[PDB]
There are 2 protein chains.
Amino acid sequence: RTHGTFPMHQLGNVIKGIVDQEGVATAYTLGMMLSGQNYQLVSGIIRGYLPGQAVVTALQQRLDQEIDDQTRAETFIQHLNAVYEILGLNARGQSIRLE
Amino acid sequence: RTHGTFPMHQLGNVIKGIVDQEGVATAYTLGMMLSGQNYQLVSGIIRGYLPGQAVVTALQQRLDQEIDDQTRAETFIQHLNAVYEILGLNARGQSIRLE
């Protein structure tokens with residue numbers, strides 16, 4: 001299951017378009033509102049579109065902490081922004097610092 | 001012009017899917033981030049997907065006040081939420097009151 005109302009791809013149309021335009025956390029967010037609270041889908045989709053291994057690591061780190069099963073989702077993007085805090089990304093999934 | 005990065009319809013795929021799922025102001029918002037700050041496009045697209053004539057009226061009302069040309073866009077969804085304040089809608093483009 002990927003979509004019912006929003007004309008998503010076979011997985012996450014919203015996600016790609018947004019990762020480039022607004023960044024992963026928005027692509028993530030919109031994947032959440034459009035596809036539903038299907039954390040599995042968004043995390044699977046954006047994980048490949050995540051800035052680098054660090055952003056997914058940080059996000060996974062948040063998931064490792066796992067507040068709950070659904071609460072992962074509830075705070076999934078909050079955790080992605082937390083990611084931005086961890087590694088130094090901005091809202092656009094871009095790095096504001098140089099490594 | 002409707003889209004370049006995000007696989008939008010011939011006008012606003014994001015917009016329909018979202019109006020049902022998250023509401024016009026989000027559909028509006030996402031149309032703004034994905035399609036660009038093309039207020040013309042989002043206003044034209046969502047106008048048909050706006051809850052009722054009242055929500056579009058209120059939004060148009062905001063546009064009537066027009067802070068600037070681009071600033072309409074800048075605050076377009078803020079104005080849509082303002083719409084929600086005008087007529088009694090919630091964030092989902094739904095009416096929280098009965099007429």
# chains A, B, ... in the order shown; residues from 1 in each chain; ligands from 1
>>> interface_residues(of="chain A", to="chain B", cutoff="8 Å", atoms="only C-alpha atoms", output="VMD selection string")
chain A and resid 5 to 7 13 to 14 16 to 18 20 to 22 33 to 34
>>> write_last_selection(atoms="N, CA, C and O atoms", output="PDB file, in the first residue's frame")
ATOM      1  N   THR A   5      -5.734   8.274  -2.068  1.00  0.00           N
ATOM      2  CA  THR A   5      -6.288   9.542  -2.514  1.00  0.00           C
ATOM      3  C   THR A   5      -5.291  10.292  -3.399  1.00  0.00           C
ATOM      4  O   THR A   5      -5.599  10.641  -4.540  1.00  0.00           O
ATOM      5  N   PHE A   6      -4.096  10.526  -2.869  1.00  0.00           N
ATOM      6  CA  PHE A   6      -3.053  11.227  -3.607  1.00  0.00           C
ATOM      7  C   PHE A   6      -2.430  10.283  -4.639  1.00  0.00           C
ATOM      8  O   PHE A   6      -2.058   9.154  -4.314  1.00  0.00           O
ATOM      9  N   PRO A   7      -2.345  10.734  -5.900  1.00  0.00           N
ATOM     10  CA  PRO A   7      -1.714   9.981  -7.004  1.00  0.00           C
ATOM     11  C   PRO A   7      -0.198   9.809  -6.840  1.00  0.00           C
ATOM     12  O   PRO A   7       0.596  10.319  -7.633  1.00  0.00           O
ATOM     13  N   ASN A  13       5.865   9.387  -4.774  1.00  0.00           N
ATOM     14  CA  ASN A  13       6.048  10.469  -5.752  1.00  0.00           C
ATOM     15  C   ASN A  13       6.264  11.771  -5.030  1.00  0.00           C
ATOM     16  O   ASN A  13       7.145  12.562  -5.395  1.00  0.00           O
ATOM     17  N   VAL A  14       5.475  11.947  -3.988  1.00  0.00           N
ATOM     18  CA  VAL A  14       5.570  13.143  -3.196  1.00  0.00           C
ATOM     19  C   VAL A  14       6.991  13.227  -2.705  1.00  0.00           C
ATOM     20  O   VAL A  14       7.649  14.246  -2.868  1.00  0.00           O
ATOM     21  N   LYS A  16      10.063  12.104  -3.738  1.00  0.00           N
ATOM     22  CA  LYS A  16      11.190  12.587  -4.549  1.00  0.00           C
ATOM     23  C   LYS A  16      11.079  14.060  -4.859  1.00  0.00           C
ATOM     24  O   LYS A  16      12.031  14.828  -4.685  1.00  0.00           O
ATOM     25  N   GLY A  17       9.911  14.436  -5.358  1.00  0.00           N
ATOM     26  CA  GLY A  17       9.719  15.792  -5.785  1.00  0.00           C
ATOM     27  C   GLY A  17      10.076  16.759  -4.684  1.00  0.00           C
ATOM     28  O   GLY A  17      10.782  17.749  -4.890  1.00  0.00           O
ATOM     29  N   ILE A  18       9.610  16.432  -3.501  1.00  0.00           N
ATOM     30  CA  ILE A  18       9.832  17.250  -2.338  1.00  0.00           C
ATOM     31  C   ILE A  18      11.270  17.223  -1.844  1.00  0.00           C
ATOM     32  O   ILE A  18      11.752  18.243  -1.364  1.00  0.00           O
ATOM     33  N   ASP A  20      14.029  17.189  -3.366  1.00  0.00           N
ATOM     34  CA  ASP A  20      14.745  18.194  -4.134  1.00  0.00           C
ATOM     35  C   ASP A  20      14.247  19.618  -3.872  1.00  0.00           C
ATOM     36  O   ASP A  20      15.042  20.555  -3.825  1.00  0.00           O
ATOM     37  N   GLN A  21      12.943  19.782  -3.684  1.00  0.00           N
ATOM     38  CA  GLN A  21      12.347  21.114  -3.619  1.00  0.00           C
ATOM     39  C   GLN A  21      12.345  21.682  -2.202  1.00  0.00           C
ATOM     40  O   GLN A  21      12.711  22.838  -1.982  1.00  0.00           O
ATOM     41  N   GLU A  22      11.925  20.865  -1.250  1.00  0.00           N
ATOM     42  CA  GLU A  22      11.707  21.319   0.116  1.00  0.00           C
ATOM     43  C   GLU A  22      12.581  20.556   1.104  1.00  0.00           C
ATOM     44  O   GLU A  22      12.829  21.018   2.217  1.00  0.00           O
ATOM     45  N   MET A  33       1.209  12.846   5.512  1.00  0.00           N
ATOM     46  CA  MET A  33      -0.173  13.304   5.397  1.00  0.00           C
ATOM     47  C   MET A  33      -0.906  12.644   4.231  1.00  0.00           C
ATOM     48  O   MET A  33      -2.075  12.272   4.351  1.00  0.00           O
ATOM     49  N   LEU A  34      -0.225  12.523   3.109  1.00  0.00           N
ATOM     50  CA  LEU A  34      -0.823  11.969   1.896  1.00  0.00           C
ATOM     51  C   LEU A  34      -0.990  10.458   1.926  1.00  0.00           C
ATOM     52  O   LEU A  34      -2.049   9.948   1.572  1.00  0.00           O
TER      53      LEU A  34
END
>>> calpha_fit_and_write(fixed="chain B", moving="chain A", output="tab-separated table (two decimals) with N, CA and C atoms, in the first residue's frame")
chain	number	residue	atom	x	y	z
A	1	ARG	N	2.72	26.55	-17.21
A	1	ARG	CA	3.68	25.88	-16.31
A	1	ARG	C	2.99	25.40	-15.04
A	2	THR	N	3.18	24.13	-14.71
A	2	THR	CA	2.54	23.54	-13.55
A	2	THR	C	3.55	22.81	-12.66
A	3	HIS	N	4.58	22.21	-13.26
A	3	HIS	CA	5.55	21.45	-12.49
A	3	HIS	C	6.83	21.19	-13.28
A	4	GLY	N	7.90	20.92	-12.55
A	4	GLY	CA	9.17	20.60	-13.16
A	4	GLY	C	9.86	19.46	-12.44
A	5	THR	N	9.85	19.51	-11.12
A	5	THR	CA	10.45	18.46	-10.31
A	5	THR	C	9.40	17.46	-9.84
A	6	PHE	N	8.37	17.96	-9.16
A	6	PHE	CA	7.29	17.12	-8.66
A	6	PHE	C	6.36	16.73	-9.81
A	7	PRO	N	6.08	15.42	-9.95
A	7	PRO	CA	5.15	14.89	-10.96
A	7	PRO	C	3.69	15.30	-10.74
A	8	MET	N	3.45	16.59	-10.84
A	8	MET	CA	2.12	17.18	-10.72
A	8	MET	C	1.24	16.78	-11.92
A	9	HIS	N	-0.08	16.98	-11.80
A	9	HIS	CA	-0.98	16.79	-12.95
A	9	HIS	C	-0.65	17.83	-14.01
A	10	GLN	N	-1.58	18.07	-14.92
A	10	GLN	CA	-1.45	19.19	-15.84
A	10	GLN	C	-1.66	20.51	-15.09
A	11	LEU	N	-1.88	20.43	-13.78
A	11	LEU	CA	-2.15	21.62	-12.98
A	11	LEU	C	-1.79	21.43	-11.50
A	12	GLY	N	-2.46	20.52	-10.80
A	12	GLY	CA	-2.27	20.42	-9.36
A	12	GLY	C	-2.67	19.07	-8.77
A	13	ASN	N	-1.83	18.06	-8.98
A	13	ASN	CA	-2.08	16.72	-8.42
A	13	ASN	C	-1.98	16.78	-6.92
A	14	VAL	N	-0.98	17.51	-6.47
A	14	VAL	CA	-0.77	17.66	-5.06
A	14	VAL	C	-2.04	18.23	-4.49
A	15	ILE	N	-2.56	19.25	-5.15
A	15	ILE	CA	-3.69	19.94	-4.61
A	15	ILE	C	-4.88	19.04	-4.36
A	16	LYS	N	-5.37	18.23	-5.30
A	16	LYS	CA	-6.57	17.43	-5.01
A	16	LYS	C	-6.34	16.46	-3.87
A	17	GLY	N	-5.26	15.70	-3.99
A	17	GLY	CA	-5.00	14.68	-3.03
A	17	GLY	C	-5.00	15.24	-1.63
A	18	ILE	N	-4.35	16.37	-1.50
A	18	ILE	CA	-4.23	17.03	-0.23
A	18	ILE	C	-5.53	17.66	0.26
A	19	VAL	N	-6.38	18.17	-0.64
A	19	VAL	CA	-7.57	18.88	-0.17
A	19	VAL	C	-8.43	17.91	0.62
A	20	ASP	N	-8.53	16.68	0.12
A	20	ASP	CA	-9.25	15.63	0.81
A	20	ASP	C	-8.54	15.14	2.07
A	21	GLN	N	-7.22	15.06	2.03
A	21	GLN	CA	-6.46	14.43	3.11
A	21	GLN	C	-6.10	15.41	4.23
A	22	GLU	N	-5.60	16.57	3.84
A	22	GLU	CA	-5.06	17.53	4.79
A	22	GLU	C	-5.80	18.86	4.73
A	23	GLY	N	-6.48	19.09	3.62
A	23	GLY	CA	-7.24	20.31	3.47
A	23	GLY	C	-6.60	21.29	2.51
A	24	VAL	N	-7.40	22.23	2.05
A	24	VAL	CA	-6.99	23.21	1.05
A	24	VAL	C	-5.73	23.98	1.41
A	25	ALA	N	-5.62	24.45	2.64
A	25	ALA	CA	-4.44	25.24	3.00
A	25	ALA	C	-3.15	24.42	2.94
A	26	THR	N	-3.21	23.12	3.19
A	26	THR	CA	-2.04	22.28	3.00
A	26	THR	C	-1.84	21.99	1.52
A	27	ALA	N	-2.93	21.71	0.82
A	27	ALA	CA	-2.87	21.48	-0.62
A	27	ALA	C	-2.30	22.70	-1.30
A	28	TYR	N	-2.69	23.83	-0.75
A	28	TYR	CA	-2.23	25.12	-1.17
A	28	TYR	C	-0.74	25.25	-0.87
A	29	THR	N	-0.38	24.97	0.38
A	29	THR	CA	1.00	25.03	0.83
A	29	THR	C	1.93	24.15	-0.02
A	30	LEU	N	1.52	22.93	-0.26
A	30	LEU	CA	2.35	21.98	-0.96
A	30	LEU	C	2.43	22.35	-2.43
A	31	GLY	N	1.33	22.86	-2.96
A	31	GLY	CA	1.35	23.39	-4.30
A	31	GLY	C	2.36	24.51	-4.41
A	32	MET	N	2.50	25.28	-3.34
A	32	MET	CA	3.47	26.37	-3.30
A	32	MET	C	4.90	25.85	-3.26
A	33	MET	N	5.20	24.89	-2.40
A	33	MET	CA	6.57	24.40	-2.33
A	33	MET	C	6.97	23.60	-3.56
A	34	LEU	N	6.07	22.76	-4.02
A	34	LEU	CA	6.33	21.87	-5.16
A	34	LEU	C	6.32	22.58	-6.50
A	35	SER	N	5.31	23.41	-6.74
A	35	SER	CA	5.14	24.01	-8.05
A	35	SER	C	5.96	25.28	-8.14
A	36	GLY	N	6.35	25.77	-6.98
A	36	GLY	CA	6.98	27.05	-6.89
A	36	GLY	C	6.02	28.05	-6.30
A	37	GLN	N	6.45	29.28	-6.19
A	37	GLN	CA	5.67	30.31	-5.54
A	37	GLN	C	4.59	30.85	-6.47
A	38	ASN	N	4.21	30.02	-7.43
A	38	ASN	CA	3.23	30.38	-8.45
A	38	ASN	C	1.83	30.46	-7.86
A	39	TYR	N	1.60	31.56	-7.14
A	39	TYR	CA	0.30	31.88	-6.54
A	39	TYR	C	-0.83	31.75	-7.54
A	40	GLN	N	-0.59	32.18	-8.77
A	40	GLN	CA	-1.58	32.09	-9.83
A	40	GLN	C	-2.06	30.66	-10.00
A	41	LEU	N	-1.12	29.73	-10.03
A	41	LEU	CA	-1.45	28.35	-10.25
A	41	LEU	C	-2.21	27.76	-9.07
A	42	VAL	N	-1.71	27.98	-7.86
A	42	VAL	CA	-2.33	27.37	-6.69
A	42	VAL	C	-3.71	27.94	-6.45
A	43	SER	N	-3.84	29.24	-6.62
A	43	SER	CA	-5.11	29.90	-6.39
A	43	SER	C	-6.11	29.44	-7.43
A	44	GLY	N	-5.66	29.29	-8.66
A	44	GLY	CA	-6.52	28.80	-9.71
A	44	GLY	C	-6.91	27.36	-9.48
A	45	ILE	N	-5.96	26.56	-9.00
A	45	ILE	CA	-6.19	25.14	-8.80
A	45	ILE	C	-7.10	24.89	-7.60
A	46	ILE	N	-6.76	25.46	-6.43
A	46	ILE	CA	-7.45	25.15	-5.18
A	46	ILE	C	-8.81	25.82	-5.16
A	47	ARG	N	-8.96	26.88	-5.93
A	47	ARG	CA	-10.20	27.66	-5.97
A	47	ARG	C	-11.39	26.77	-6.29
A	48	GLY	N	-11.13	25.75	-7.07
A	48	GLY	CA	-12.17	24.82	-7.42
A	48	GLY	C	-12.32	23.74	-6.37
A	49	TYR	N	-11.35	23.67	-5.47
A	49	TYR	CA	-11.29	22.61	-4.48
A	49	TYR	C	-11.51	23.20	-3.10
A	50	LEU	N	-11.71	24.51	-3.08
A	50	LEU	CA	-11.98	25.25	-1.87
A	50	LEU	C	-13.33	24.81	-1.31
A	51	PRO	N	-13.38	24.46	0.01
A	51	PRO	CA	-14.58	24.02	0.73
A	51	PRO	C	-15.91	24.50	0.13
A	52	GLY	N	-16.07	25.80	0.07
A	52	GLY	CA	-17.25	26.39	-0.52
A	52	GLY	C	-16.92	27.76	-1.07
A	53	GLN	N	-17.93	28.52	-1.47
A	53	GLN	CA	-17.68	29.85	-2.01
A	53	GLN	C	-17.13	30.77	-0.92
A	54	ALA	N	-17.47	30.47	0.32
A	54	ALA	CA	-17.06	31.30	1.45
A	54	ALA	C	-15.55	31.27	1.65
A	55	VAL	N	-14.94	30.09	1.56
A	55	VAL	CA	-13.51	29.95	1.81
A	55	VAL	C	-12.70	30.67	0.71
A	56	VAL	N	-13.14	30.51	-0.53
A	56	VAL	CA	-12.53	31.20	-1.66
A	56	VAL	C	-12.80	32.70	-1.58
A	57	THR	N	-13.94	33.06	-1.01
A	57	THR	CA	-14.30	34.44	-0.88
A	57	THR	C	-13.36	35.09	0.09
A	58	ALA	N	-13.23	34.47	1.25
A	58	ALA	CA	-12.33	34.92	2.27
A	58	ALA	C	-10.91	34.98	1.78
A	59	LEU	N	-10.51	34.00	0.97
A	59	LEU	CA	-9.15	33.97	0.47
A	59	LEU	C	-8.98	35.10	-0.53
A	60	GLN	N	-9.94	35.21	-1.42
A	60	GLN	CA	-9.99	36.30	-2.37
A	60	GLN	C	-9.99	37.64	-1.66
A	61	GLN	N	-10.71	37.71	-0.56
A	61	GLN	CA	-10.74	38.87	0.31
A	61	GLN	C	-9.33	39.26	0.74
A	62	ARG	N	-8.58	38.27	1.21
A	62	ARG	CA	-7.16	38.44	1.51
A	62	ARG	C	-6.38	38.94	0.29
A	63	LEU	N	-6.71	38.41	-0.88
A	63	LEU	CA	-6.04	38.80	-2.11
A	63	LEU	C	-6.44	40.21	-2.51
A	64	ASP	N	-7.67	40.55	-2.19
A	64	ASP	CA	-8.20	41.90	-2.39
A	64	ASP	C	-7.40	42.90	-1.59
A	65	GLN	N	-7.01	42.48	-0.40
A	65	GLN	CA	-6.19	43.30	0.47
A	65	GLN	C	-4.76	43.38	-0.05
A	66	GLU	N	-4.34	42.31	-0.76
A	66	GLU	CA	-3.05	42.24	-1.48
A	66	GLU	C	-1.92	43.05	-0.83
A	67	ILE	N	-1.07	42.38	-0.04
A	67	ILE	CA	0.06	43.07	0.59
A	67	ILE	C	1.06	43.53	-0.47
A	68	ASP	N	1.19	42.70	-1.49
A	68	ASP	CA	2.10	42.92	-2.61
A	68	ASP	C	1.69	41.94	-3.69
A	69	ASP	N	2.45	41.83	-4.76
A	69	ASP	CA	2.14	40.83	-5.76
A	69	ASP	C	2.61	39.46	-5.27
A	70	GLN	N	3.91	39.33	-5.03
A	70	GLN	CA	4.47	38.08	-4.49
A	70	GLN	C	4.07	37.83	-3.04
A	71	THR	N	3.76	38.88	-2.29
A	71	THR	CA	3.46	38.70	-0.87
A	71	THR	C	2.10	38.03	-0.70
A	72	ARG	N	1.24	38.14	-1.72
A	72	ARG	CA	0.01	37.37	-1.74
A	72	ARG	C	0.37	35.92	-1.52
A	73	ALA	N	1.28	35.45	-2.37
A	73	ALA	CA	1.85	34.10	-2.29
A	73	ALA	C	2.51	33.83	-0.94
A	74	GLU	N	3.37	34.75	-0.52
A	74	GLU	CA	4.13	34.62	0.72
A	74	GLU	C	3.23	34.30	1.90
A	75	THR	N	2.05	34.88	1.89
A	75	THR	CA	1.11	34.72	2.98
A	75	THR	C	-0.17	34.05	2.51
A	76	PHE	N	-0.12	33.44	1.34
A	76	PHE	CA	-1.32	32.91	0.68
A	76	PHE	C	-2.07	31.92	1.57
A	77	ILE	N	-1.34	30.99	2.15
A	77	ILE	CA	-1.93	29.98	3.01
A	77	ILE	C	-2.24	30.55	4.39
A	78	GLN	N	-1.42	31.48	4.83
A	78	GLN	CA	-1.72	32.22	6.05
A	78	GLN	C	-3.06	32.92	5.90
A	79	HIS	N	-3.32	33.36	4.69
A	79	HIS	CA	-4.57	33.99	4.33
A	79	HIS	C	-5.69	32.97	4.24
A	80	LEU	N	-5.34	31.73	3.90
A	80	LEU	CA	-6.32	30.64	3.81
A	80	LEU	C	-6.74	30.22	5.21
A	81	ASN	N	-5.80	30.29	6.12
A	81	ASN	CA	-6.08	29.99	7.52
A	81	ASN	C	-6.87	31.14	8.12
A	82	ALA	N	-6.51	32.33	7.68
A	82	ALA	CA	-7.29	33.53	7.96
A	82	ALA	C	-8.72	33.35	7.47
A	83	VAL	N	-8.83	32.62	6.37
A	83	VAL	CA	-10.12	32.28	5.81
A	83	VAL	C	-10.86	31.45	6.83
A	84	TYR	N	-10.17	30.43	7.33
A	84	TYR	CA	-10.70	29.55	8.36
A	84	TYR	C	-11.19	30.36	9.56
A	85	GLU	N	-10.59	31.53	9.77
A	85	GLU	CA	-10.95	32.37	10.90
A	85	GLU	C	-12.19	33.18	10.56
A	86	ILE	N	-12.21	33.65	9.33
A	86	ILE	CA	-13.33	34.40	8.77
A	86	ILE	C	-14.64	33.60	8.82
A	87	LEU	N	-14.63	32.41	8.25
A	87	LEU	CA	-15.86	31.63	8.10
A	87	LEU	C	-16.03	30.50	9.12
A	88	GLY	N	-14.99	30.19	9.88
A	88	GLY	CA	-15.13	29.12	10.86
A	88	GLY	C	-14.69	27.75	10.35
A	89	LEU	N	-13.70	27.71	9.47
A	89	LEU	CA	-13.15	26.43	9.00
A	89	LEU	C	-12.00	25.98	9.90
A	90	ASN	N	-11.67	24.70	9.80
A	90	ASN	CA	-10.49	24.17	10.46
A	90	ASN	C	-9.37	23.98	9.44
A	91	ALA	N	-8.22	23.49	9.88
A	91	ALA	CA	-7.06	23.35	9.00
A	91	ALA	C	-7.32	22.41	7.82
A	92	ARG	N	-8.31	21.54	7.97
A	92	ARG	CA	-8.54	20.47	7.00
A	92	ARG	C	-9.47	20.93	5.88
A	93	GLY	N	-9.80	22.22	5.88
A	93	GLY	CA	-10.72	22.74	4.88
A	93	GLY	C	-12.14	22.32	5.19
A	94	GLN	N	-12.34	21.81	6.39
A	94	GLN	CA	-13.65	21.38	6.85
A	94	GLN	C	-14.24	22.46	7.74
A	95	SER	N	-15.56	22.53	7.80
A	95	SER	CA	-16.20	23.48	8.68
A	95	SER	C	-16.46	22.87	10.04
A	96	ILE	N	-15.99	23.55	11.06
A	96	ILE	CA	-16.14	23.09	12.43
A	96	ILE	C	-17.45	23.57	13.02
A	97	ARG	N	-18.17	24.35	12.23
A	97	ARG	CA	-19.47	24.85	12.61
A	97	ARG	C	-20.51	24.45	11.58
A	98	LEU	N	-21.78	24.59	11.93
A	98	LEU	CA	-22.85	24.26	11.01
A	98	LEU	C	-23.60	25.53	10.62
A	99	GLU	N	-23.91	25.66	9.34
A	99	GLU	CA	-24.63	26.82	8.85
A	99	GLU	C	-26.10	26.49	8.68
>>> select_by_dssp(residues="chain A", states="alpha helix (DSSP H)", output="PyMOL selection string")
chain A and resi 13-21+24-35+39-46+53-65+70-74+76-87
>>> decode(residues="range 26-55 of chain B", atoms="N, CA and C atoms", output="short mmCIF file (atom, residue, chain, number, x, y, z; two decimals), in the first residue's frame")
data_model
loop_
_atom_site.label_atom_id
_atom_site.label_comp_id
_atom_site.auth_asym_id
_atom_site.auth_seq_id
_atom_site.Cartn_x
_atom_site.Cartn_y
_atom_site.Cartn_z
N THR B 26 -3.21 23.12 3.19
CA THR B 26 -2.04 22.28 3.00
C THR B 26 -1.84 21.99 1.52
N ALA B 27 -2.93 21.71 0.82
CA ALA B 27 -2.87 21.48 -0.62
C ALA B 27 -2.30 22.70 -1.30
N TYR B 28 -2.69 23.83 -0.75
CA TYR B 28 -2.23 25.12 -1.17
C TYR B 28 -0.74 25.25 -0.87
N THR B 29 -0.38 24.97 0.38
CA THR B 29 1.01 25.03 0.82
C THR B 29 1.93 24.15 -0.02
N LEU B 30 1.52 22.93 -0.26
CA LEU B 30 2.35 21.98 -0.96
C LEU B 30 2.43 22.35 -2.43
N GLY B 31 1.33 22.86 -2.96
CA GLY B 31 1.35 23.39 -4.30
C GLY B 31 2.36 24.51 -4.41
N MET B 32 2.50 25.28 -3.34
CA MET B 32 3.46 26.38 -3.30
C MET B 32 4.90 25.85 -3.26
N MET B 33 5.20 24.89 -2.40
CA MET B 33 6.57 24.41 -2.33
C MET B 33 6.97 23.60 -3.56
N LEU B 34 6.07 22.76 -4.02
CA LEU B 34 6.33 21.88 -5.16
C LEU B 34 6.31 22.58 -6.50
N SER B 35 5.31 23.41 -6.74
CA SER B 35 5.14 24.01 -8.05
C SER B 35 5.96 25.28 -8.14
N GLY B 36 6.35 25.77 -6.98
CA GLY B 36 6.98 27.05 -6.89
C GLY B 36 6.02 28.05 -6.30
N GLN B 37 6.45 29.28 -6.19
CA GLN B 37 5.67 30.31 -5.54
C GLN B 37 4.59 30.85 -6.47
N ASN B 38 4.21 30.02 -7.43
CA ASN B 38 3.23 30.38 -8.45
C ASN B 38 1.83 30.46 -7.85
N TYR B 39 1.60 31.56 -7.14
CA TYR B 39 0.30 31.88 -6.54
C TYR B 39 -0.83 31.75 -7.54
N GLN B 40 -0.58 32.18 -8.77
CA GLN B 40 -1.58 32.09 -9.83
C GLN B 40 -2.07 30.66 -9.99
N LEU B 41 -1.13 29.73 -10.03
CA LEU B 41 -1.46 28.35 -10.25
C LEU B 41 -2.22 27.77 -9.07
N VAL B 42 -1.71 27.97 -7.86
CA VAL B 42 -2.33 27.37 -6.69
C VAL B 42 -3.71 27.94 -6.45
N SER B 43 -3.84 29.25 -6.62
CA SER B 43 -5.11 29.90 -6.39
C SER B 43 -6.11 29.45 -7.43
N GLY B 44 -5.65 29.29 -8.66
CA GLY B 44 -6.52 28.80 -9.71
C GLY B 44 -6.91 27.36 -9.48
N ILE B 45 -5.96 26.56 -9.00
CA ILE B 45 -6.19 25.14 -8.80
C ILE B 45 -7.10 24.89 -7.59
N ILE B 46 -6.76 25.46 -6.43
CA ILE B 46 -7.45 25.15 -5.18
C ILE B 46 -8.81 25.82 -5.16
N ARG B 47 -8.96 26.88 -5.93
CA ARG B 47 -10.20 27.66 -5.96
C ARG B 47 -11.39 26.77 -6.29
N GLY B 48 -11.13 25.75 -7.07
CA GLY B 48 -12.17 24.81 -7.42
C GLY B 48 -12.32 23.74 -6.37
N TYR B 49 -11.35 23.67 -5.46
CA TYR B 49 -11.28 22.61 -4.48
C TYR B 49 -11.51 23.20 -3.10
N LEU B 50 -11.71 24.51 -3.08
CA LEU B 50 -11.98 25.25 -1.87
C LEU B 50 -13.33 24.81 -1.31
N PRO B 51 -13.38 24.46 0.01
CA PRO B 51 -14.58 24.02 0.73
C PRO B 51 -15.91 24.50 0.13
N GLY B 52 -16.07 25.80 0.07
CA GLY B 52 -17.25 26.39 -0.52
C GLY B 52 -16.92 27.76 -1.06
N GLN B 53 -17.93 28.52 -1.47
CA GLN B 53 -17.68 29.84 -2.01
C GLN B 53 -17.13 30.77 -0.93
N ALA B 54 -17.48 30.48 0.32
CA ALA B 54 -17.06 31.30 1.45
C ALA B 54 -15.55 31.27 1.65
N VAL B 55 -14.94 30.09 1.56
CA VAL B 55 -13.51 29.95 1.81
C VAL B 55 -12.70 30.67 0.71
#
